[PDB]
Each structure stands twice: as C-alpha cells, then as structure tokens.
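All remarks here apply to the structure that follows.
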Amino acid sequence: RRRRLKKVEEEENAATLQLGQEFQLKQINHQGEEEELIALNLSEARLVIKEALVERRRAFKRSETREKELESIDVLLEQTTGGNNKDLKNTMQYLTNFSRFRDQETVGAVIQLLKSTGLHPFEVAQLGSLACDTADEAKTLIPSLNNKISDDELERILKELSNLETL
Amino acid sequence: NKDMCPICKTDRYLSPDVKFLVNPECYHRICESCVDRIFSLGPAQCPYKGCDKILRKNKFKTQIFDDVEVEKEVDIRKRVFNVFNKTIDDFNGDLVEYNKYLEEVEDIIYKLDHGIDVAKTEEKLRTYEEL
Amino acid sequence: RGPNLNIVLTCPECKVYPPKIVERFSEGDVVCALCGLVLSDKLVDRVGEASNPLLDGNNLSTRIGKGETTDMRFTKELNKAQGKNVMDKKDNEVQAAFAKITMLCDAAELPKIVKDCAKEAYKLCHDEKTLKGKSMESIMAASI
Amino acid sequence: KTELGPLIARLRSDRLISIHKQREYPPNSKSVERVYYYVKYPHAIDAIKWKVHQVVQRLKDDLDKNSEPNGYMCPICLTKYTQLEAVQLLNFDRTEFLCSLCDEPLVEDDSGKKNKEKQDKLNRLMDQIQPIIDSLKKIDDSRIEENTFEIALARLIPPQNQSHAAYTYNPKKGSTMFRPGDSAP
Amino acid sequence: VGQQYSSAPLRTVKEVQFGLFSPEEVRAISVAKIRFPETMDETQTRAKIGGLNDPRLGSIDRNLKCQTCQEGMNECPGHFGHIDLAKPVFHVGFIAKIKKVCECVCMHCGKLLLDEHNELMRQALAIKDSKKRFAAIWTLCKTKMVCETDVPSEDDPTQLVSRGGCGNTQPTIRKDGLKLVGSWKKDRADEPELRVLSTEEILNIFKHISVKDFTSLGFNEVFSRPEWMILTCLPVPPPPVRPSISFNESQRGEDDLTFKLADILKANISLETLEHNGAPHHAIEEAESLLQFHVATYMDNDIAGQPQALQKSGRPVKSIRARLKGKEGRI
Amino acid sequence: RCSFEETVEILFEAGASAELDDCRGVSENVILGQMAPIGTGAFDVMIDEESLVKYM
Amino acid sequence: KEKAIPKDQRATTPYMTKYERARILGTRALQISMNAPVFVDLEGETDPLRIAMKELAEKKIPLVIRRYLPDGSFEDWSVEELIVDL
Amino acid sequence: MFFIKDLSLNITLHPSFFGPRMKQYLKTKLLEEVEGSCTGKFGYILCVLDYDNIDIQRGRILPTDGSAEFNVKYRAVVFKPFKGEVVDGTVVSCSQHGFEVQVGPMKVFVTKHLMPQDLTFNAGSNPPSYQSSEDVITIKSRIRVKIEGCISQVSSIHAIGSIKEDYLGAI
Amino acid sequence: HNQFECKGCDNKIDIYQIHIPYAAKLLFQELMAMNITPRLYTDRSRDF
Ligand SMILES: [Zn+2]
Ligand SMILES: [Zn+2]
Ligand SMILES: [Zn+2]
Ligand SMILES: [Zn+2]
Ligand SMILES: [Zn+2]
Ligand SMILES: [Zn+2]
C-alpha cells in the first residue's frame, strides 16, 4: 500500500452500473476467494432471510395466503429476534407484501431463466424485482439495459417471468 | 439554424464537442446539453416556439441524413416496412400482384408522410400488423 | 438578526429554571447547588497585547524596530512602505490628535483621568458635520 | 496620471496592452526609464477568446443549475440547504423541515421562475457577441505574428513634434539577462 | 461530565505523514474567508462576520457555541480560515531551500541543468537517501551557468546528442533580506546585469519542474512540491490557537498572532488597491516587501539581518516559531 | 528529533521532504499520548477462550 | 498470517518477565474491580490486586501475552504455561 | 437493492462477561448491535447469515478500559440504495412538502418539484392526499419511486426519489 | 445529530476519533498555520 490523498471517484449511479467501491462486481470473501457480487431480488431475499430465521429458531430450540404468511412471519420474527428490530419487522412485512415468487421452485426457475442473458447481477435483480409488461417499460425503469439486450429477448424473458408468476 | 443550437445558441466554435440529436416526434434539432438539462428528470414539452408535442429522452437519436424531409420519409418507411414486408415468392411469382402491392405500400407511405389520411392509414397499419 | 449561539447551564435532573449554580473555581467545576450534579468541568480561568476599545476602537497594528541583529536599510525601507497605507491614514489623524492632547495635558500637569476623558470626548465629537470649519486648537481646548 | 492609472492597470491585467520599460539617456539631461504601451495581438486575442468562452460557459452552467430544484433557506441563520440535506432534518411529525442550528421552519428558495430569464439572457448575449466570433474565425483562418517593441516601432506615427521620449530600441551588447515574457518565436 | 459520546471508531495514531499545504487544499479545508482586519463590529457586542475572530472558526468562550459544529469550547477543535494573498510570497523557513532549488534548476524552463548524460550526475542520482542526494545534486548543478541545449553523447565525444534545453545563461542567485536577486554575467563586451527574481517568476519556474525532476531532488509528488514552498493562500488559525486573554474582564486583549494577521490583511488590502489602479512599480514593490515582511515575522520574528516586529509596549512580537522552540515551548 | 533541538527547522525539513514517522519512539508516543512500546507496553495482552472454557 | 510463529518453534524465554507480570496483575485487578468472574476460591479478600496475585499463583488467569519482535512477528504465550520465578 | 455482503466488526466485551460462555455473549452482542442497524458504507444490515459459524478472532485487552476488543467476521443481508434505481413502496406520511414512501427499512421522500405538474396537494380530505384526474396518492397507496439522490452518513441514510418519469407513481 | 463531514475530501463515512493531548492538537494546528501538514493515519503503510 502506497500513499493516498484526494482522488476523483465516479459518483454512484445505477444507470451506469457504478455501484461504488464496496459494491464492485468482483468481491473477495472472508476465505480470500474471489466471488461475484451477490445481488438478490425481493423474492430471493425474502426466502434467504426466512431460511436464516428458521435456522436460528432451530438452533435456539435445539440448544399460503398473504395474511397467514404475514402473521406467521411476524410471530416468528418477534420470537427469534432481539430488540430494536423495527427495521427488520418493516423489511419482512414489505418483502412479504411485495414479493412475486413464493416458493423455492419458482425462485429457482427464475434464477435458471435469468442467468442465461449474462447481465449484471444488479440488472437481473432489478428484472426479478420489478414487474414489467413491455420491453419499453423495462428499458425506462432500468436505463442500464439500453444497448445490452435486444427487445426480442427482453420481450420473451418478461413474458416467461409473467408466465411463472405465483397464483 | 446553421451550426448552433436554436435554444441555447451554443456555437460549435465555443463548443467543439457539441453534438446535435434529433427526435422523430417533431424532428427538431437540439444539442445533447439541452437534452440532458431539459429531459433528465422526465418527459416534457419540446422547447421550441410553436411546438407543443411531448417527447422522451430515450427516443432521441443521431441524424443520418442532412435533409430533415428525407429523414422523416425514411423513418416512416422503416415503420411501414416493419409491418408490410413481403417478397416475390409471397405471391407465387405473380409480378402484377406484387407490383400493385408495392404501389399500395408506396401510397400508404406517401399518405403518412404528407398527412393525407392519418387516422385511416394508422388504423390500417394497426389492423395489418395483427393480420 | 443572527444565530443564537448561546449556552445556558441547567441541571437536567433538577429541572428548576433558573437554576442555582455554584462555580467551584478551586476545583474547576460548575455544580448544581441543589443536587450536587456537575454540569461542566475543566473550566478555564506575555503572549498577547491589551487595548482600550473606547479610545482606539478596533485597530490592530504593529511597529517595526531594531533587533539583536538588523540593518538600517531594511528598517528605513519597511517604515517608508508602511507609512504609505491608505486605509490606516484615516485613523492616523485621530492618533496624532491624541498625541497632541497628551502633550498638552502632560505640559499642564493634569492627572491621567483628565487626558483620558479629553481623548474620549475628542473621539466622540470628531468626524461630524457640525465641527468641520473649526480649528483643531479650538477642538482640542474644548475637549480638554 | 491618477485617471490614466486605473485604465492602464485594467488593460494590462486583461493583456490588451503590453508594457516595455527601458533606460533612455538624453544628451543633455539625466537618463530616465520611460514606459511604452503597445498591443501584443496574440496575447490579446487569446485573452479575448478565453474570456468569451468563460462568460458563455458561466451562463450555460447557471442555466443548468437553475433547471435544478430550488432548495431551502433558513430565515434566521441564513443558511442554504439542498433538498437532499433538508430531507434528513424534518420533524418527527413529518409536516415541516426544521433547521439544525435554529430549530425553525425552513422557507422554500427562489429562482423557480428564472428558468426562462436565463435562457433569454443567453439568447441576447450570443446575438450581441456575434461579431467577436466571426472575427475570431477569420483570425484562426489566418496566422498572426507576435509583436515586439522593436517590431511595433516600425509602424510608429510620431505623437508630438518634440516628444521627450526617444522612440528607439537600443539593446545592450552581450546582455544575457532574460526577463519573463520578453521573447517571441 | 466528560465529552459527549461519538459513533466514530476509536483508533490509535500509528503513522505521521508530513507535508505542505497546497493552495487548493487550504481553500477546501477553510470554512470561511477572512477579509476584514478587525475583530468586533462597530457595536463591540458580537464578532464581525468575516473578521479575524469570525464565529465560524470556533469559540474560546464558555458561553458561546461554534457556528460550524454547534459545540462548546470544550468540544470544538477549531476551524481554519484563509486569506488569499494579492501576490505570492516566500516562506521564511524555506528561503534557503528555494534558493538551492533555483540554483539547481534552470530559471527559464525548469529543467535540471545536468541530465543523466554526465557520470558525476549519475553518481549523484544513484544516492538512495533524499537529503544527501539533494546535497550532491546541488553541489554538481550550482556551478553550471548554462542550460546546455546540446550535450556530448555518452558513447563517444565526437557527436553531440540533443536534449531539451533553451541555451539561456543561468544567473548567480543571492539572498538579500527576504528577496532573491539574480546576477547575469555578460559576454566579453561590462559589469553583470542584476535584477530581483520575482516571487511570481519563481513560482512559475517551480510549477514548470517535472515530477521526476523534483522527485530526484527529494520532493514528494503527492505531499510536497517545490511550488508549494511559495504561499498564495495563507491559512488562518482558529481562535483557540490565538485566544483573547482578559485581565479584569473589563479590558480586552488580543493575541500577537491576531495582531500580525490584522497587519497581513491590511497590507494585502493595500497591495490589492494599489495594483488595481495606478500604483507605479516602485510603490508596488514597497507594498509587496511590506507584505512579505509581515508574513515572515508572523511565522518567525527572529530573522538574521531583518528588523523585528514590535508592539506598542516595545517588546518583540511572539511568533509561532518562538512558541514552538525553547525550554518552555510546546514540545 | 525535534524534541531535542532545532525543533522548527527539523519540522520544516520534514514537511519539505514529506517524511513519514512510524511513531516507534517513546518521544513520539509521549507527544501523541499513547502507550509507548516500552516495558509493560512491549507486548499485547489478549484473552484466552481456550482456558476460559476449561477454567470451570 | 505469516507473522504468527507456530508454537513448535517459539524461541523466546519461557519465563514471565517483570513487566509482563506487572501488566498481567494490573489488568486482572482492573477486570476484577469491574466485577469480573473470579476462577479462584477466596478465603476472604477485598483487594483486586490480592485476588489477581492469588490467581497468578494458582495459574488461573485466562490471558495470553503476545510478545512482539522487532520485525513485526509475534509469539503467543499463555500465562498458565509461562513460568513465574522472579 | 438487497445484497449478501461479507462484513467485519469490532465488538467490545465488558470484563463482566469473561466467563466460560463469552462466545454466546459475543453472538448476542452481534445480534443486538448489527441486526437492524444502518451504516453508510453497506446500507441497512437486516439479517445475519450463518448464525452458527461467525468467525471470532482473538480478542485484545484495551490498555486502560479493560474491555476486550474482538474482530468478528460474518455474512449478512444488507439493503443499499442507489440513485437511478427504481423501487416500489407504500406511502406512510403525506404533507405539503411531499409524501414519504416506505421501501423496506428505508423511507424515500418525494419532493413537490419532483412530482408531475398535474398532481397537487389537497389538505381538505382526511387524511391529506394528492389528487389527479388519473389517480390519487394517499397513505397506504402503492408507489413506484425512482431514487434520485442519496446522502449516506456513518450511521444514517436518506434518499429522495421522483415519479415524474413515465411508468412511475401509482402501481 | 450523529453526523460527520470533512469538507474538501467529500466523505462522511471515513472518520476516526483519537485521544491526544490538547498540547499536541495545538502543536499540529500551529504547524498547519505555518503551512506544514502533519497527517495522522491509523494504519501502517510500510513494513518494518
Ligand atoms: Zn442547446
Ligand atoms: Zn419540437
Ligand atoms: Zn440539580
Ligand atoms: Zn437556521
Ligand atoms: Zn466548531
Ligand atoms: Zn533552460
């Protein structure tokens, strides 16, 4: 490491896919191994968070419709989380009310679908998080997609995503 | 209206990097700086005297031809050909029918270009894209 | 017509307003007299110069003089350059008037308070439209 | 002299006029360092071009800035707060923006209606400054040679019959001394 | 009571990197610009805005808050101001270094007088440690009185290899007071020409020196450049550095640093007004010399051969160097 | 070095040369008000969880 | 972690130094005074320093000394395994 | 956006927890000091992944404090906003200055200047709401907001979004 | 308000707090006035 002073840094902006310095595409994990930036859509984040919560509950104990899921999530959260969990409660409620894929089968299908285009993790997460009906809507809501994927492929991918929607 | 943006009057001499873009909605010349400043937040009315047609930043493109009339005609031709697209084999080699079809397509393009029957022509395009 | 920038010491526990405050200078503390809670600690009690903001107002200036080693050329040139200042010229008239007042009072064997009051009166009454055509001798004598 | 002072000083700062000091030895009087004023066309043209570009750029940047949202101001401490900086100071009731130093409601900033005024100013300025642009185009088309005291003396029209100043350039022999900005290509 | 809790991580100082402020860094760091040589307004009730004791620079009173951080006297560390000098001035503590660098580099193009084409200069440049490398380079270069546009090639002395130069004869630089005076030696046909090397000229020459050129001399491209040894923006220390003492609290006393800063501001304003209109070169030179002397005494009031700044009481003015040195100093 | 003599000259030279000080010295740690690496400070005291678990 | 010398090749003295003993006793006394769990039976004691001395005598101080070397490397020595003979 | 990030923290343990079960106290402190917290560098730290395998490094006793500083490496799910990114949320508060949409653990404030001209503020209706010919925006409404600006503090994040662009606003 | 800012560097999440003598702070400020930049860093840049 050499000397360091004021340097010009590219302002963070999703349009240019410049996520900053701590959210680069190429990350290093705690074991020193190289990895790609893990970006999760709303449904994937919901499932991962709930998996971690159930694992935590199992550890401590050892040693459907939107309303029912919301009630179960709230009670499990309060039981298996400590104080100052207002943000986590709001996050769980928002994820449950804004998710489009409920089960691991649907989420895995979405992943195996959207990993074909080879877009940025942020872009694929945006496509899996925002419900778009037309390629123009997707283009306007995700400016970075411009000049990266053709309207034909985008239309087919969006159609399949809408096809495999829950309920 | 020779080498400067009519809105901001940015001369190429003082801005050698200035690049002018065009919008198919009204085909009015405008510089990238004006486009960014006026349409970054969202759609807005065209910044021209006598033009009140809204346009989006994403629709801007680079002018190919130096003649605005020919650019308009060619763009409308592209839009038409994206719908009326047939080959000689489509009529089993019937040159008379193919020629009549080409004449009809040219007449439609002319009508769109000169605004003869905009409503009827657009409805016909919409129907034929379905069929 | 400006930011408050005021600090008021009050005891959070007592809540009494105004509070009874004791300044323990020896212990360097400010303590609530009722409950004993300390409100502020590490209170503070030649490197500078003193001035009277009644006869000179706000005017900070420094002289130039010889040192343990110095060349007369630099002192002379620097004093010459310092003399040719436009902003300081205006107050130099008041300073010269003060000097003449001091000389007159000292030759009159008057107490220090007399000459201080004379200088204050001269400063207060100077730079006004009414006293523009009168001799400086008359002005100084009236002030004295 | 006092009136001439500001004019010469401003023109020298803008580099529309160059200065040249030299020692002159009259045959029957004490020598005196006389000051001559002339125009160095390349430097003057460069200064004019840069200033015109800077003025136009300043107006364009002002237009771009004005196109941005207004902001907020504090009447008491007279502090400006951007929209982003003000969004983090709102009260718990989510009703009004409160200042940090004063804890007082903020007031919306001005410049909302000047959007057209700045564009009008730019439109006026370009039309008024049109001649300079054309002259600069012709100058760029041509090539100009830098002027010097001696070169300018070749076109001299004597001001007075018996002017005390000796309008001659007699450089010292074998003088290797070089002064800043005293040489030309 | 103690100081208020902070959310920033608590760490221990492990390294100290010294350097010189750039004018851009001074302007960026500064929270306010000081343009009035006064301390209080006409009412003597609150500090004048833009004056020496601007409230934005901090507070030295137990009753007032800082207009910048809104913290008390026991928590505000002090915030720096700045004064934009009318003309660049030398740093009193770097005059000798500036003179050595001037003798080492050309005064018309900023290129080292001796390149890697000389064996002695190669040996000098081969020294690892910056201080002794600079000493050797200065010893070799100070005797070169010409830029040597063309130099013999290292393969053989038959042909000459061209190097970037100007062919201008270098001057002999001498230190007269707080000024640098250069003497150019004439040709056969006779006394040498003499003139004062303006601070602006030296600043331009130093700014024309290349990164490698001054890295060889020992200056750091990132933390210390030769151009930064000349002051264009003077930082103004906050009131905590120069507190206003009180004897009976009915009479107000100001620090010697405050007095000197007021003198600097007055001299700068005088020079600006002069050079703005008229002000023949003689008057401009006198004003520039006054400003340089005031800055030099503000940073160090004990300069050999120069007059000392004296207050009305007649005692020498206490400078920052005086505060730092001695058995009773900061260290 | 400035703590002994020629304080201001040494500091100016350090600033000009962009010197880096590693704060390995007692004088540096004294100026910065941190525990110098001398005597009781020449080592770091860390907690032993392996022994904590076995101390009951 | 190339700066951590493995336990099999430690070359420092196996005897606790006076400075190490002083710092260990002071740190343990501070922890005890701040209501830390004591792992040694007390036959009646109120001085944290005396309690720490008892803990050191019985080798019940859960602290490890990280001895530093001039090159930046270090060796970890447990108080239990460090001989107290001074 | 939601990301899985590998983070490191410095936890301080009081001497009162230097018992045979200090690791459990460290894990509890992590769950009480990280979960639900906001950092400018990594966003809102929502959940800690792999709660059974947090990497706890050797602790260092502070010189004078007497506490133990442990370097704890863990993997957590963090929500980091970015300007130019489109999100969906629910309006929680409305006022003349604009409405505040709740997106996960964050709140995006929509200024009036960043709203379409047709939308206007109306305090007559209870609760106060914005009414336009095509749609009405009020509390509990679903709004698609494009983040226009973000200001990140060491322990705070605030964002401003817009709904003027096409295909934004009420969902 | 739990806010930090270093104007000039345009950063708000890279601040550290250190405990030093007020005399040391005064010395550093005096050097800053004298145009010397004592920069305190909490991490090492060169190996022993
Ligand atoms: Zn334009
Ligand atoms: Zn138009
Ligand atoms: Zn009380
Ligand atoms: Zn305010
Ligand atoms: Zn402050
Ligand atoms: Zn040269």
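Ligands are numbered from 1 in the order shown, residues from 1 within each chain, and chains are lettered A, B, ... in the order they appear in the structure tokens.
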For a quick test of understanding: name the residues of chain I lying within 12 Å of chain D when counting only C-alpha atoms, and present them as a ChimeraX atom specification. /I:1-3
Export of the given selection (N, CA, C and O atoms) as a PDB file, in the first residue's frame:
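See out-v9.pdb below for the written result:
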ATOM      1  N   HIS I   1     -26.546  15.280  16.173  1.00  0.00           N
ATOM      2  CA  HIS I   1     -27.212  14.670  15.032  1.00  0.00           C
ATOM      3  C   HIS I   1     -26.502  13.421  14.531  1.00  0.00           C
ATOM      4  O   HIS I   1     -26.999  12.775  13.604  1.00  0.00           O
ATOM      5  N   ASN I   2     -25.359  13.064  15.118  1.00  0.00           N
ATOM      6  CA  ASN I   2     -24.604  11.884  14.701  1.00  0.00           C
ATOM      7  C   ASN I   2     -24.190  11.992  13.235  1.00  0.00           C
ATOM      8  O   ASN I   2     -24.398  11.076  12.437  1.00  0.00           O
ATOM      9  N   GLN I   3     -23.593  13.129  12.881  1.00  0.00           N
ATOM     10  CA  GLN I   3     -23.149  13.383  11.518  1.00  0.00           C
ATOM     11  C   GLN I   3     -21.686  13.799  11.530  1.00  0.00           C
ATOM     12  O   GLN I   3     -21.229  14.452  12.470  1.00  0.00           O
TER      13      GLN I   3
END
Which residues are near residue B:124? Cut-off 12 Å, only C-alpha atoms, ignore same chain within fewer than 3 positions. Put them as a PyMOL selection string. chain B and resi 80+83-84+104-105+108-109+111-112+117-121+127-131
Quick one: DSSP strand (DSSP E) residues in stretch 10-181 of chain D, as a PDB file with C-alpha atoms, in the first residue's frame?
ATOM      1  CA  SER D  18       1.740  45.289 -23.142  1.00  0.00           C
ATOM      2  CA  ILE D  19       4.393  47.258 -21.261  1.00  0.00           C
ATOM      3  CA  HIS D  20       8.047  47.851 -22.117  1.00  0.00           C
ATOM      4  CA  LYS D  21      10.467  49.668 -19.798  1.00  0.00           C
ATOM      5  CA  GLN D  22      13.907  50.763 -20.983  1.00  0.00           C
ATOM      6  CA  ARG D  23      16.575  53.238 -19.908  1.00  0.00           C
ATOM      7  CA  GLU D  24      16.953  56.306 -22.139  1.00  0.00           C
ATOM      8  CA  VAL D  32      15.008  58.262 -17.208  1.00  0.00           C
ATOM      9  CA  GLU D  33      13.254  54.906 -17.550  1.00  0.00           C
ATOM     10  CA  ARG D  34      10.396  55.501 -19.995  1.00  0.00           C
ATOM     11  CA  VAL D  35       7.346  53.243 -20.238  1.00  0.00           C
ATOM     12  CA  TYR D  36       5.808  52.392 -23.613  1.00  0.00           C
ATOM     13  CA  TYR D  37       2.406  50.821 -24.258  1.00  0.00           C
ATOM     14  CA  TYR D  38       1.536  48.653 -27.255  1.00  0.00           C
ATOM     15  CA  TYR D  72     -34.403  25.639   1.116  1.00  0.00           C
ATOM     16  CA  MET D  73     -33.214  28.556   3.230  1.00  0.00           C
ATOM     17  CA  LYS D  80     -28.825  27.252   2.410  1.00  0.00           C
ATOM     18  CA  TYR D  81     -29.905  23.601   2.488  1.00  0.00           C
ATOM     19  CA  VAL D 107     -38.524  28.535   3.652  1.00  0.00           C
ATOM     20  CA  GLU D 108     -38.525  27.414   0.029  1.00  0.00           C
TER      21      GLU D 108
END
Using only C-alpha atoms and all ligand atoms, which protein or nucleic acid residues are at most 6 Å from ligand 4, as a list in words? residues 74, 76, 77, 99, 101 and 102 of chain D
Shell of 8 Å around residue G:61, only C-alpha atoms, local chain residues under 2 positions omitted, as JSON, numbers by chain: {"G": [28, 52, 55, 56, 59, 63, 79, 80]}
Do you have, as JSON lines, the list of residues of chain F lying at most 12 Å from chain H, each with its nearest atom pair and that distance in Å to one decimal, counting only C-alpha atoms and ordered by chain then number?
{"residue": "F:34", "atom": "CA", "partner": "H:63", "partner_atom": "CA", "distance": 9.4}
{"residue": "F:35", "atom": "CA", "partner": "H:63", "partner_atom": "CA", "distance": 7.8}
{"residue": "F:36", "atom": "CA", "partner": "H:63", "partner_atom": "CA", "distance": 11.0}
{"residue": "F:37", "atom": "CA", "partner": "H:63", "partner_atom": "CA", "distance": 11.8}
{"residue": "F:40", "atom": "CA", "partner": "H:63", "partner_atom": "CA", "distance": 10.3}
{"residue": "F:41", "atom": "CA", "partner": "H:63", "partner_atom": "CA", "distance": 8.9}
{"residue": "F:43", "atom": "CA", "partner": "H:63", "partner_atom": "CA", "distance": 10.9}
{"residue": "F:44", "atom": "CA", "partner": "H:60", "partner_atom": "CA", "distance": 7.2}
{"residue": "F:45", "atom": "CA", "partner": "H:61", "partner_atom": "CA", "distance": 5.7}
{"residue": "F:46", "atom": "CA", "partner": "H:60", "partner_atom": "CA", "distance": 4.5}
{"residue": "F:47", "atom": "CA", "partner": "H:59", "partner_atom": "CA", "distance": 5.7}
{"residue": "F:48", "atom": "CA", "partner": "H:58", "partner_atom": "CA", "distance": 7.8}
{"residue": "F:49", "atom": "CA", "partner": "H:20", "partner_atom": "CA", "distance": 7.5}
{"residue": "F:50", "atom": "CA", "partner": "H:20", "partner_atom": "CA", "distance": 9.1}
{"residue": "F:51", "atom": "CA", "partner": "H:20", "partner_atom": "CA", "distance": 8.6}
{"residue": "F:52", "atom": "CA", "partner": "H:20", "partner_atom": "CA", "distance": 5.1}
{"residue": "F:53", "atom": "CA", "partner": "H:20", "partner_atom": "CA", "distance": 4.4}
{"residue": "F:54", "atom": "CA", "partner": "H:20", "partner_atom": "CA", "distance": 7.5}
{"residue": "F:55", "atom": "CA", "partner": "H:20", "partner_atom": "CA", "distance": 7.3}
{"residue": "F:56", "atom": "CA", "partner": "H:20", "partner_atom": "CA", "distance": 7.0}
Enumerate residues in contact with ligand 1: an atom-to-atom distance of at most 7 Å, counting only C-alpha atoms and all ligand atoms. Format the result as a ChimeraX atom specification. /B:5-10,30-34
For the selection just defined, write its residues with N, CA, C and O atoms to a file, as a compact mmCIF listing (two decimals), in the first residue's frame.
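Output file part09.txt is given in full below:
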# COMPACT_ATOMS: atom_id res chain seq x y z
N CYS B 5 -27.21 25.47 -31.61
CA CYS B 5 -28.48 25.01 -31.07
C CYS B 5 -29.46 26.18 -31.02
O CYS B 5 -29.16 27.20 -30.39
N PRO B 6 -30.62 26.08 -31.66
CA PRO B 6 -31.55 27.23 -31.66
C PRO B 6 -32.01 27.63 -30.27
O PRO B 6 -32.42 28.78 -30.08
N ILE B 7 -31.95 26.73 -29.29
CA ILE B 7 -32.45 27.04 -27.96
C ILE B 7 -31.39 27.77 -27.14
O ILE B 7 -31.59 28.91 -26.71
N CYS B 8 -30.25 27.11 -26.91
CA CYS B 8 -29.18 27.69 -26.11
C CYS B 8 -28.17 28.47 -26.93
O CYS B 8 -27.29 29.12 -26.35
N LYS B 9 -28.27 28.43 -28.26
CA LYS B 9 -27.38 29.20 -29.13
C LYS B 9 -25.91 28.89 -28.84
O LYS B 9 -25.07 29.79 -28.78
N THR B 10 -25.60 27.61 -28.66
CA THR B 10 -24.24 27.17 -28.38
C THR B 10 -23.53 26.95 -29.71
O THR B 10 -23.80 25.98 -30.43
N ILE B 30 -31.53 19.67 -31.66
CA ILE B 30 -31.27 20.07 -30.28
C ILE B 30 -29.95 19.45 -29.86
O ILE B 30 -29.60 18.34 -30.29
N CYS B 31 -29.21 20.16 -29.00
CA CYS B 31 -27.91 19.69 -28.55
C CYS B 31 -28.05 18.78 -27.33
O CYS B 31 -29.04 18.84 -26.59
N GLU B 32 -27.04 17.94 -27.13
CA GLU B 32 -27.08 16.97 -26.04
C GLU B 32 -27.16 17.65 -24.69
O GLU B 32 -27.81 17.14 -23.77
N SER B 33 -26.50 18.80 -24.53
CA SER B 33 -26.57 19.52 -23.27
C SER B 33 -28.00 19.95 -22.97
O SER B 33 -28.49 19.78 -21.84
N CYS B 34 -28.70 20.51 -23.96
CA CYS B 34 -30.09 20.89 -23.76
C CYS B 34 -30.96 19.67 -23.48
O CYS B 34 -31.84 19.72 -22.61
